[PDB]
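S.K.: Show me the folded form of this:
(one chain, ligands or ions: 6)
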Amino acid sequence: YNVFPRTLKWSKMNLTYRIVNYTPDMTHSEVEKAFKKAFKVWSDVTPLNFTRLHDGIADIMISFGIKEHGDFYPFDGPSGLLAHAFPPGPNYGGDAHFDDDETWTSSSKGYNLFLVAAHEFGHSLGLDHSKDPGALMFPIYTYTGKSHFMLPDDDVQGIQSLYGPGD
Ligand SMILES: O=C(OCc1ccccc1)c1cn2c(=O)n(Cc3ccccc3)c(=O)cc2s1
Ligand SMILES: [Ca+2]
Ligand SMILES: [Ca+2]
Ligand SMILES: [Ca+2]
Ligand SMILES: [Zn+2]
Ligand SMILES: [Zn+2]
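M.R.: Numbers count the residues shown, from 1 in each chain. Ligands and ions are numbered 1, 2, ... in the order given. Find the structure here:
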């Protein structure tokens, strides 16, 4: 017999993602770079590894859409809900949807795709929202103006509670 796992986490360390479509706001290359860096945020502090697929079903299916886009979490135009992602699991599990009514950038203007993706992939991996305003997993986007990204300790603790450290 088998009982359901008690924790919403990935039970495999080598995970796949696929960019199902692209925002008009950034080049294919910039979008790819943003997501790759966002995954690195998590792989840097856990044993998880991430590989991009160009076809088929990946663990984390990434897409851009607006308003109603095929689930119970419709978007709302500019600002507000920026994106959402499903907890670890089969099918919809892990998938990450981005609101293309946002202005996505690789800069400090609009919403930084890398930053929002890092947050969303947190959800994809099993983290809910933090109550710490300084945490990556805090619900509200607050770009600090700082030059280099650093994953806050709250988020390190959260993700390691599920997977432990890389080594
Ligand atoms: O706002 C946040 O978390 C909450 C959230 C994020 C995304 C979507 C919804 C909610 C965070 C913002 N930041 C940062 O602006 N910076 C500085 C920085 C960022 C990008 C590139 C370079 C340097 C950090 O190092 C860390 C964080 S965490
Ligand atoms: Ca929105
Ligand atoms: Ca999935
Ligand atoms: Ca857009
Ligand atoms: Zn959605
Ligand atoms: Zn969130």
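S.K.: if I pick the residue positioned nearest the centre of the chain, what's in contact with it?
M.R.: Centrality entry for the chain: nearest residue to the mean C-alpha point is residue 121, 2.2 Å, by CA atoms, centre = their mean. Neighbour list for residue 121: 38-39, 41-42, 60, 85, 96 [criterion: CB atoms under 8 Å, 6 or more residues apart in numbering]. C-betas here are computed from N, CA, C, even on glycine.
S.K.: So which of the residues you listed are in strands?
M.R.: 60, 85, 96 (DSSP state E).
S.K.: In the residues you listed, which residue is surrounded by the most others?
M.R.: Among those, residue 60 has the most neighbours (other CB atoms under 10 Å), with 26 neighbours.
S.K.: Looks like it contacts residue 97 (just checking).
M.R.: No - counting by CB atoms under 8 Å, residue 60 stays clear of residue 97, with 11.0 Å between them.
S.K.: Return the residues of this protein in contact with ligand 3.
M.R.: By CB under 5 Å from the ion, the residues of the chain that approach ligand 3 are 93-95.
S.K.: any chance of those in a markdown table, plus distance to ligand 2 and neighbour count?
M.R.: Shown next, in a markdown table, are the residues of the chain next to ligand 3 (distance: CB to the ion, whole Å; neighbours: other CB atoms under 10 Å):
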| residue | distance to ligand 2 | neighbour count |
| --- | --- | --- |
| 93 | 23 | 16 |
| 94 | 21 | 26 |
| 95 | 17 | 23 |
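S.K.: what's the closest of the residues you listed to ligand 5?
M.R.: When the residues of the chain next to ligand 3 are ranked by distance to ligand 5 (CB to the ion), residue 95 comes first, at 7.6 Å.
S.K.: Let me know whether the closest one touches residue 86 as I believe.
M.R.: Yes - between residue 95 and residue 86 there is a contact at 5.2 Å, judged by CB under 8 Å.
S.K.: Which secondary structure state does the residue nearest to residue 84 when sequence neighbours are not counted sit in?
M.R.: The shortest distance from residue 84 to any non-neighbouring residue, by CB to CB, 6 or more residues apart in numbering, is to residue 73 (4.9 Å). Recorded secondary structure, residue 73: coil (DSSP: H, G, I helix; E, B strand; the rest coil).
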